[PDB]
Each structure stands twice: as C-alpha cells, then as structure tokens.
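Data block below; observations after.
What follows draws every value from the coordinates through simple rules; no lab data is involved. In this analysis, Cβ positions are derived from the backbone assuming ideal geometry, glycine residues included, and neighbour counts consider all displayed protein chains.
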Amino acid sequence: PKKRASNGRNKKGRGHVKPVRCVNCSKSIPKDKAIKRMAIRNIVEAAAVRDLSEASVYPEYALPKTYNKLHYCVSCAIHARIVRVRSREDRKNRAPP
Amino acid sequence: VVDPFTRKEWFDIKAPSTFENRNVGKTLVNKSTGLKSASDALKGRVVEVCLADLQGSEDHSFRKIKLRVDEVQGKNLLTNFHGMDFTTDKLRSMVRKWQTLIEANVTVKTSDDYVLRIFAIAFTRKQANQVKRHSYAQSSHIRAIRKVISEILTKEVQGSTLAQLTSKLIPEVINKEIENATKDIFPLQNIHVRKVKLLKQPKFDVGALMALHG
Amino acid sequence: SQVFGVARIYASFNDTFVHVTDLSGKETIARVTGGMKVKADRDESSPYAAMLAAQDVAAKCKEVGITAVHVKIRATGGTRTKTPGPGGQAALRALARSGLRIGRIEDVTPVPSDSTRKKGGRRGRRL
Amino acid sequence: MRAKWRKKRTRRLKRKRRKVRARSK
Amino acid sequence: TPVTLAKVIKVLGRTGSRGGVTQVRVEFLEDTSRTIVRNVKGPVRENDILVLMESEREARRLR
RNA sequence: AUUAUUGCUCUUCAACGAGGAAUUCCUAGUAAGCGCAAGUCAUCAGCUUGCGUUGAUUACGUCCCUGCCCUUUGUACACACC
RNA sequence: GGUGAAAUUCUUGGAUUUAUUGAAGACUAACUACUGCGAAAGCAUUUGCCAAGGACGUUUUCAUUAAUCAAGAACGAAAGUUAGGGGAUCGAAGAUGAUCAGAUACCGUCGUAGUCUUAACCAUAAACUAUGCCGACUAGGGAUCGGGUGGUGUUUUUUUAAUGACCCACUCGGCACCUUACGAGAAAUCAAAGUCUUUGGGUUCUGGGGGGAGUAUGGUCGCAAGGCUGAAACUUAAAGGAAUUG
Ligand SMILES: [Mg+2]
Ligand SMILES: [Mg+2]
Ligand SMILES: [Mg+2]
Ligand SMILES: [Mg+2]
Ligand SMILES: [Mg+2]
Ligand SMILES: [Mg+2]
Ligand SMILES: [Mg+2]
Ligand SMILES: [Mg+2]
Ligand SMILES: [Mg+2]
Ligand SMILES: [Mg+2]
Ligand SMILES: [Mg+2]
Ligand SMILES: [Mg+2]
Ligand SMILES: [Mg+2]
Ligand SMILES: [Mg+2]
Ligand SMILES: [Mg+2]
Ligand SMILES: [Mg+2]
Ligand SMILES: [Mg+2]
Ligand SMILES: [Mg+2]
Ligand SMILES: [Zn+2]
C-alpha cells in the first residue's frame with residue numbers, strides 16, 4: 001500500500017504538469033517528479049589550474065564556468081546518481097547535501 | 001596534391017571608431033585572380049569577440065559583438081556593426097533560482113535607416129533585510145516594468161544610428177535609467193540589455209559608411 | 001602580442017573534433033578529429049584520442065599561421081545529451097601544453113526554448 | 001494474464017461473434 | 001640533473017584501489033618553510049627522506 | 001613373481017635448454033630445500049601423519065578482482081528462487 | 001554515425017565539422033519552485049481586444065431566495081474516426097541491422113499512419129487524493145499565497161514627506177509541510193479516515209465470498225472502434241488486506 005504520501009513527487013492542487021525528458025535514459029516524467037541536479041562545473045578542471053593562465057593572455061584571466069540542469073527519471077536516477085535507497089525513516093529526510 | 005597555403009591571400013581586420021583598438025585578427029582568401037577575385041568574392045564576412053578584447057579593461061568581461069566587414073583598400077578591410085550578444089557563463093550565472101525574471105523587447109529604426117531588434121533583462125533583487133528567501137514579482141509589476149522598459153528602449157534608439165545607440169550602452173547609461181523608474185515599482189538586480197540583432201539594412205552608402213575611419 | 005584564430009572544440013561521445021578556422025569563421029585552418037589518430041570505434045573518444053588530435057594540427061596551427069587563438073567549446077547538446085564529451089578537456093590541455101596561446105572562451109553548444117521531442121520516446125530507451 | 005490483454009482478448013473475441021452473427025441477420 | 005630531498009612530515013593515508021600507495025606530506029631541508037604532499041611505493045614511516053625527481057608538482061587520489 | 005612385488009651389477013642414454021592461456025600455497029624457525037619415523041606391510045612409497053636439519057627475499061596494506069558475511073530494500077516465495 | 005561491444009548506414013557527391021543567410025511545422029528551455037489559478041480534464045514568451053472569477057474590503061442592496069440531487073445537460077488528456085490545411089520533429093504498423101537456442105521484441109536503422117490545425121466525431125485513464133457535497137465541534141508550530149488593519153518600524157532623498165519593496169502584530173480566505181494522539185483503526189496511517197454499542201445534523205451514490213463476466217441477451221449510442229445498461233447456468237474454499245518473522 002501507499003509507501004509515499006507526497007506520492008510520486010510533489011503534486012497537490014495542480015493535477016497535471018508536463019513531461020521533462022530524462023537526459024540519460026530519455027524518459028518522460030512529470031517536471032515536478034523529476035529529481036534534478038545543477039551542473040555548476042568549472043569549464044576547465046583539476047590539473048588544469050596551472051596550464052591555463054600560464055599559457056594564456058590577460059591577468060590570471062577570471063575563469064568562466066558552465067551550468068546545466070540534469071533531470072533524471074528514477075529508473076535512471078536510481079542507477080547512477082543521487083537516490084541510494086533508504087530505510088523507512090530516512091526516506092523522509094528531504095534535506096539536500 | 002595541392003596544399004593551398006602556398007596560394008592563400010592573407011589579411012588583417014580593421015575595426016571602426018566608437019571603441020578602442022581598430023586592428024583586429026587575421027584571415028585567408030586565395031589569390032586575387034581574374035575570375036574568382038580576392039575583392040568582391042568575400043570580405044563581407046563577420047567576426048565576434050568579447051569587448052574587453054577591444055576595451056582592454058575587465059569591467060566588461062562578456063558582451064560579444066558581431067562586426068560585418070564592409071570595405072577594402074589594399075590588403076586591409078574595415079568593419080561596421082552587426083549585433084551584440086553576451087556570455088553564457090554570465091547569463092547562466094545570472095539566471096538563478098529562488099527569484100523572478102523579466103525580459104521585454106522592441107523593434108525600431110534609426111537616423112540612418114537600419115532597422116533592428118534589441119532585448120533586455122533584469123532580475124528581482126532580494127533587498128537586504130528581506131527575511132523571505134524569494135523577492136517575488138506581482139505580474140502586474142512585471143507588465144508595467146515591461147512597459148517602462150519599452151518606454152525607454154524606444155527613445156534610446158532612433159538616436160543618431162547605431163553609432164549613437166552604440167555609444168549609448170558601451171557604458172550602459174540605459175542600464176540605470178531602466179533602474180531609475182524601476183526603483184518606483186520594486187527592487188531588481190543585474191539589469192542588462194543582453195542581446196540585439198540587425199536584419200534590415202539600408203544601402204551601403206559608402207560616404208557616411210566611412211565615418212568611423214582614419 | 002600574438003596572431004589570433006578561433007580554436008573551437010566540439011567534444012562529443014564516440015568522437016572528438018578539434019579545428020581552427022579564421023576569426024570570421026569563413027576560412028579554416030587544419031582539423032584532425034579524434035576518430036583518426038586511433039582506430040577501434042569505441043576507442044574514438046578517450047582522453048588520449050584528444051591529446052593525439054591537438055598534436056596533428058596545433059603544430060599545423062603553429063605552421064600555417066596562427067600563434068594564438070580563442071576557443072569555443074561545444075557539446076552535442078541539442079535535444080540530445082548537452083553535457084561535455086570528455087575528450088575536449090584532454091584536447092585543450094593539449095593546446096595549452098602545445099605552447100599555443102590561450103585566452104577567453106565560453107560555452108557555445110546549443111540549448112533551446114525546449115522542443116522537438118527527443119528520440120526513443122515516452123517509455124525511454126530502456127536496458 | 002495481464003488485465004489489459006485479457007480485456008483485449010475478450011474484445012477481439014467479442015468482435016468475431018458480431019461477425020459470425022452478422023452472417024445470420 | 002636537479003634532484004629533491006623530502007622530509008616525511010607525517011603519515012596520511014593509503015590510496016589507490018590496491019592499497020600500497022601511502023599518502024604523505026614531505027618538507028624539504030634544502031630550504032624548508034613549505035609543504036609538499038606526495039605518494040609512495042614502499043612501506044613508510046615518519047622521517048623517511050625522499051627523492052622527488054621533479055621540484056614542482058603534487059598529485060591527489062589514485063585510481 | 002609370466003602381465004615383469006622389490007633389490008643389486010654391467011650395457012642401453014629418451015624427452016627435457018625454465019614451460020602459452022592459465023591456477024594453487026603461504027607472513028617467521030614460517031616459506032621453500034632436506035632427509036627420517038609412523039601408518040599400510042609376508043613382500044611393495046613417487047602416499048600420507050607427525051619429526052627434526054638448513055633456513056630465506058616480501059607485506060604488518062587495502063577492496064581492484066574473488067569468496068563470504070552484516071545492514072537497508074523489494075517480494076505475490078514459507079516444501080521458502082532446485 | 002551508432003553502441004556495453006557491435007553492425008545496417010553516409011562519405012569525388014568533401015561527407016562529419018565551419019561560415020553566411022533562407023525556408024517550413026511543432027514547441028515555450030533557463031528563472032520553474034512541497035507556488036498560482038479553473039468544476040475537473042487541464043493551464044507557463046509579448047502586448048491588444050473580449051467577456052469571465054475567487055478572496056477580501058464593505059454601518060451597501062434583496063431577504064430563506066437555500067443544502068444534496070433519479071431523469072436530463074454542459075465539459076471533458078491520450079489515442080481513435082470524417083473531411084480539408086499541414087506534415088519539421090518524435091514516431092503504433094511495416095522493413096530492417098545486431099542480439100539470442102529461438103527473438104515477430106528489447107538496442108540500431110529506414111519509415112507509412114500518426115503527431116499540429118480547422119470544421120465535425122468519440123466520452124474512455126491508476127480521469128487518483130484509489131478518500132462525495134453542504135453544516136458544527138474537537139490541538140499545537142513555524143512557513144507561505146492573495147485581501148485588509150495597525151507603526152514617533154527598516155531600506156530608498158529632494159526637502160521631510162508621497163510613492164514604492166521591505167519588517168512586524170493581528171486578521172479573513174489558499175496550496176501545503178510539521179509535532180502529537182484527547183480520539184480512530186485490522187493495521188499501514190489519518191486533524192479527518194476524529195466527536196461510532198455512550199450507535200441519529202442534512203443529502204446523493206456504490207458494495208453484500210472468489211469465479212463464471214462486465215461474458216450472453218435485450219434496449220440504446222456512435223460512421224466506426226466502441227459506450228451506457230447488464231444477467232444467468234454451471235462451478236468453487238478460499239480469493240482477499242495490513243503488518244511479523246524467516
Ligand atoms: Mg509495494
Ligand atoms: Mg534495466
Ligand atoms: Mg449472407
Ligand atoms: Mg614405511
Ligand atoms: Mg594412499
Ligand atoms: Mg521563456
Ligand atoms: Mg427514463
Ligand atoms: Mg508525417
Ligand atoms: Mg517490426
Ligand atoms: Mg533479423
Ligand atoms: Mg511484429
Ligand atoms: Mg489526471
Ligand atoms: Mg496518482
Ligand atoms: Mg491549526
Ligand atoms: Mg494507538
Ligand atoms: Mg460464457
Ligand atoms: Mg504487504
Ligand atoms: Mg518482510
Ligand atoms: Zn532516465
């Protein structure tokens with residue numbers, strides 16, 4: 001029986017929202033019910049902090065990172081990314097990190 | 001068997017007047033033969049780069065601009081305006097959750113009869129001391145703000161062609177008179193003209209085209 | 001200080017391109033994609049496929065004209081994956097390391113006022 | 001069998017008897 | 001052939017799938033006052049002097 | 001005692017030049033080299049069970065493989081995934 | 001290119017990649033959220049026009065005009081049907097390349113219908129909150145959305161103010177999260193699933209073991225595919241729910 005009272009995800013009063021298409025497995029899932037991260041990530045990377053501003057003009061430069069929002073599909077979300085699978089109490093903690 | 005580099009006519013680019021440096025980058029034609037000549041075959045091409053790459057200071061880290069090349073005068077070729085962009089890493093920086101967003105737009109003309117399309121953007125600034133984590137907009141506050149944005153955006157152009165609008169936003173005088181009337185409705189942060197694009201140009205007119213040269 | 005071009009890297013999955021052209025785009029300068037400097041289909045995109053790319057052009061970049069150049073990195077983007085094909089990183093670091101002069105680059109790949117529904121369909125591509 | 005196909009089974013069936021009864025009208 | 005001596009400042013961890021690489025901070029006697037972290041292939045205790053065969057570099061985790 | 005129980009002597013004088021894909025055993029008087037006693041035994045140890053002799057290089061780690069645990073989870077199995 | 005690895009497949013026709021502009025149809029990213037609205041299905045670019053509406057404000061007006069509803073009626077996602085208009089995109093059939101012992105599939109490819117839109121249909125969804133509607137009462141907490149009250153409150157100057165957003169007390173009406181358990185219950189949980197053997201505010205509807213079966217039949221609807229209504233014979237000891245330990 002009900003093993004969730006926010007149901008699938010977050011949908012009380014609206015009654016219909018639109019499919020966001022999971023980026024890895026290409027499913028359709030209700031925008032709300034998505035599960036979403038933000039891809040804040042410095043365009044260059046780890047080892048490259050040196051090799052950059054060194055063989056580069058300007059002073060230090062500034063460094064201009066890139067953002068993309070990733071919508072996952074459960075079926076996807078489970079597999080790789082943020083999901084784990086929780087016990088019957090921690091399935092409560094909506095809290096982030 | 002060819003390797004065209006033992007054949008390619010070679011140029012540098014020249015910018016115009018309402019900025020900083022005029023001399024630019026480098027390029028590749030082909031020998032100015034009879035039939036398939038290096039003059040009227042190309043040149044017209046366009047080139048983009050951020051404007052701190054021609055305003056020198058990094059109090060201008062984004063704002064890209066396409067320059068249309070127009071004229072030629074012996075292995076040199078000038079350019080004139082063809083639209084301004086921005087940068088993702090700032091757009092995306094500035095397009096941030098827990099807040100509203102506004103953008104309006106206008107089509108219009110100028111003294112020299114280029115018609116173009118300009119845009120804008122600004123964001124609900126969380127005003128210092130606001131307990132509430134969202135600083136929200138009231139629609140009726142957005143539409144009137146679109147209106148005002150529209151009030152200003154169509155009295156700023158038709159002022160002496162591109163050149164005068166050009167030099168009307170390089171220091172973003174607009175960005176504040178926007179923010180001027182704006183303080184009377186709500187907060188707001190960022191407040192930038194984002195993009196702008198040309199599409200219906202008049203004739204070459206090669207006498208008032210050469211204005212920004214020397 | 002130096003003479004410019006446009007570096008522009010289009011790193012995708014199961015290949016990585018690298019090619020510079022003229023700042024007005026319209027005129028190239030040397031390409032070499034990953035899929036060449038290695039042969040094994042799947043192997044078409046790995047780290048080194050990139051450092052092996054920017055070796056047979058950054059040279060020729062430093063051999064026809066360009067001594068410097070700004071990059072415009074790109075993902076397959078679109079209605080597709082829109083997230084950085086690994087072999088662009090290992091290409092840039094391999095033209096920052098080419099001695100080649102770097103400066104001022106942004107994200108150019110396509111991101112749209114979403115539409116034209118993705119392939120594979122509503123149940124998704126499932127395995 | 002799956003509710004949907006078992007429903008569908010009994011609807012294809014349903015349609016054949018129409019057919020076999022038409023023959024008689 | 002410019003070498004580099006390194007004074008194990010302390011024992012950190014064991015990195016790398018296997019688990020024989022040993023994480024460690026090494027100071028340099030030939031002008032101290034600065035720290036450098038490196039990995040190793042042997043069993044290591046505090047005050048093992050080490051041979052950095054390049055002056056400027058320091059890795060992180062091993063895979 | 002032939003199909004040759006074992007043993008001794010002379011003659012005969014193979015393959016095998018350190019072994020591919022692979023897989024075992026093990027951290028100190030241990031590894032591995034070495035033989036002896038004991039079992040079986042009329043006769044027959046290339047076997048095994050214990051014995052001592054000589055006596056090392058390498059770890060004193062981790063989870064990558066591998067096996068197995070333990071916690072969460074799902075379950076429509078409880079003769080319990082044969 | 002594509003994939004876990006592949007292949008079918010494009011490439012003297014420079015494929016893939018780059019640059020300038022052009023066209024078509026769909027769609028509305030980011031801001032987009034335990035937030036808004038509509039009786040629901042449902043609804044996110046701009047401004048215009050059209051009429052619509054909740055809450056509030058209200059010493060304004062009528063005065064029982066009301067609550068719930070057999071029949072009947074308006075609406076109704078997706079698909080599906082008729083006639084055009086369209087037709088990018090994705091893509092039921094169909095064909096294919098791999099896969100397998102088989103593999104009509106899963107993956108890849110090609111692509112008809114379809115997808116949009118006008119006129120007409122159709123009346124189904126786990127159309128979900130699997131929870132009827134009006135009414136009263138029963139318990140704490142900080143949020144938040146619209147309305148309103150209040151201030152020798154803060155932030156904006158110019159000349160205080162007047163605006164505007166803020167801050168807070170309190171207040172109606174919204175979507176909700178929480179803590180509890182007076183109380184409920186088979187339990188999972190529920191502030192309504194509460195005030196129920198200490199059994200009655202009003203009202204509509206549905207169910208009376210599991211099959212047989214939503215079958216047959218009759219009436220009806222719709223072009224149709226189907227909808228509404230809707231049995232019985234025979235059979236049969238479980239089928240079923242929540243939760244406990246394996
Ligand atoms: Mg369940
Ligand atoms: Mg799977
Ligand atoms: Mg007949
Ligand atoms: Mg013996
Ligand atoms: Mg034996
Ligand atoms: Mg938008
Ligand atoms: Mg009747
Ligand atoms: Mg079509
Ligand atoms: Mg088929
Ligand atoms: Mg086949
Ligand atoms: Mg088939
Ligand atoms: Mg629904
Ligand atoms: Mg539901
Ligand atoms: Mg309360
Ligand atoms: Mg209790
Ligand atoms: Mg029957
Ligand atoms: Mg259960
Ligand atoms: Mg259990
Ligand atoms: Zn998915």
Condition broken by B:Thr110, with the remaining ones in (1) within 14 Å of another protein chain (Cβ to nearest Cβ); (2) within 16 Å of B:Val196 (Cβ to Cβ); (3) in a loop (DSSP other than H, G, I, E, B) satisfied: (1)
Neighbours by Cβ (under 9 Å, 6+ apart or cross-chain): first from region B:73-91, on the phi > 0 side of the Ramachandran plot; second of a type in the set (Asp, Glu) and assigned to a loop (DSSP other than H, G, I, E, B): B:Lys75/B:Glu9
Filter result for the condition that a residue is more than 14 Å from chain A (Cβ to nearest Cβ), more than 11 Å from RNA strand G (Cβ to nearest atom) and among the hydroxyl-bearing types (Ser, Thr, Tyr), over B:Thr124, B:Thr154, B:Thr100, B:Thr87: B:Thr154
Subset tally (residues that are more than 8 Å from chain A (Cβ to nearest Cβ) and crowded, with 20+ Cβ neighbours inside 10 Å) for region C:99-124: 1
Meets criteria (within 16 Å of the chain's Cα centre (by Cα), away from chain B (no Cβ under 13 Å) and of a type in the set (S, T, N, Q)) for C:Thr21: no
Candidate set from region E:4-34 (those that are more than 14 Å from the chain's Cα centre (by Cα) and either within 16 Å of ligand 13 (Cβ to nearest atom) or on the phi < 0 side of the Ramachandran plot (or both)); member that is nearest to the other protein chains (Cβ to nearest Cβ): E:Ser17
Some residue of region B:63-84 being exposed (fewer than 15 other Cβ atoms within 10 Å of the Cβ) and within 14 Å of chain A (Cβ to nearest Cβ): no
Single match in B:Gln158, B:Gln127 (criterion: more than 30 Å from B:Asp205 (Cα to Cα) and assigned to a loop (DSSP other than H, G, I, E, B)): B:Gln127
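Yes/no per residue for (1) within 16 Å of ligand 2 (Cβ to nearest atom); (2) among the hydrophobic types (A, V, I, L, M, F, W, C); (3) closer than 21 Å to C:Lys118 by Cα:
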{"position": "A:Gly15", "(1), (2), (3)": "no, no, no"}
{"position": "A:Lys31", "(1), (2), (3)": "no, no, yes"}
{"position": "A:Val44", "(1), (2), (3)": "no, yes, no"}
{"position": "A:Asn68", "(1), (2), (3)": "no, no, yes"}
{"position": "A:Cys76", "(1), (2), (3)": "yes, yes, yes"}
{"position": "A:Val83", "(1), (2), (3)": "yes, yes, no"}
{"position": "A:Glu89", "(1), (2), (3)": "no, no, no"}
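This table checks each residue for (1) more than 8 Å from every other protein chain (Cβ to nearest Cβ); (2) crowded, with 19+ Cβ neighbours inside 10 Å; (3) more than 7 Å from RNA strand G (Cβ to nearest atom).
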| site | (1), (2), (3) |
| --- | --- |
| C:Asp56 | yes, no, yes |
| C:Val69 | yes, yes, yes |
| C:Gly77 | yes, yes, yes |
| C:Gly87 | yes, yes, yes |
| C:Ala96 | no, yes, yes |
| C:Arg126 | no, no, no |
Subset of region A:59-74 that is facing another protein chain (nearest Cβ under 7 Å) and surrounded by 18 or more Cβ atoms within 10 Å (Cβ to Cβ) - its residue that is farthest from the chain's Cα centre (by Cα): A:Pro64
Verdict on A:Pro64 being closer than 27 Å to C:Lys72 by Cα, more than 14 Å from RNA strand G (Cβ to nearest atom) and not acidic (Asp, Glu): yes
Cross-chain or 6+ apart pairs with Cβ under 6 Å, region C:104-127 first and away from ligand 19 (no atom under 14 Å from the Cβ), then assigned to a loop (DSSP other than H, G, I, E, B) and among the β-branched types (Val, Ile, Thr): C:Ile105/C:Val71; C:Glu106/B:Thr87; C:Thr116/C:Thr79
Out of A:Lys12, A:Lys33, sole residue that is within 16 Å of ligand 13 (Cβ to nearest atom) and without any contact (Cβ under 8 Å) to a residue 12 or more places away in the chain: A:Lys12
Which listed residue is over 15 Å from the mean Cα position of the chain (by Cα) and farther than 30 Å from B:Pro187 by Cβ, from B:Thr100, B:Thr33, B:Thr18, B:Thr79: B:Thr33
Residue count for region A:33-58, restricted to those that are more than 9 Å from every other protein chain (Cβ to nearest Cβ) and crowded, with 16+ Cβ neighbours inside 10 Å: 3
Selection status of C:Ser45, under 27 Å from A:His79 (Cβ atoms), more than 16 Å from ligand 13 (Cβ to nearest atom) and either within 12 Å of chain A (Cβ to nearest Cβ) or touching a helix residue (DSSP H, G or I) at 6+ places or on another chain (Cβ under 6 Å) (or both): yes
Region D:9-25, subset basic (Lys, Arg) and within 8 Å of RNA strand G (Cβ to nearest atom), residue farthest from the other protein chains (Cβ to nearest Cβ): D:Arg21
Filtered residues of region A:75-89 (kept if surrounded by 10 or more Cβ atoms within 10 Å (Cβ to Cβ) and within 15 Å of RNA strand F (Cβ to nearest atom)): A:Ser75, A:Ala77, A:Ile78, A:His79, A:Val83, A:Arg86
